[PDB]
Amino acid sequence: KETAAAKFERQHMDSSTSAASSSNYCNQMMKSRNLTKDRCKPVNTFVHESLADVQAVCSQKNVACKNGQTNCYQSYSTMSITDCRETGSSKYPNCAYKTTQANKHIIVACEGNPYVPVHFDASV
């Protein structure tokens, strides 16, 4: 069974590309990472940094999570990310997304032993 840490990697990690991300990127990635099976997942971010660098965020700036929990961490440096947002005309099963590349500080929730990212909270 898929661990929370593994689910985070599936939903949020894409170390393979530096940034770029073609206009097609989100359409392809949301589908291939299995985020379009149950529904069109409305909002999802992929991080283009090493797994070690993203895992390292769990020891960085402690900040409040959007849900009020205390286990979120903001990266000290900006990271290459791609936001995927479902378009207004997108209709399941044909999920359609706008692809937006940015360099921003990520905020992730961390849990477990080892203490690793399990949720992508925000970018700032």
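Definition used throughout: the rigid core is the maximal C-alpha set that superposes within 1.5 Å between two forms. One-based numbering along the sequence shown.
With every structure aligned by its rigid core, 35-43 is the stretch of 35-43 and 93-101 whose CA positions lie farther away in 6 other deposited structures of this protein. Remark: stretch with higher mean C-alpha B factor among 60-68 and 76-84 is 76-84. Between the stretches 92-100 and 48-56, it is 92-100 that shows the larger average CA temperature factor. Reading the B-factor column for the CA atoms of 23, 11, 113, 15 in the entry, the top value corresponds to 23. Among all modelled residues in its chain, residue 1 ranks in the highest third by Cα B-factor.
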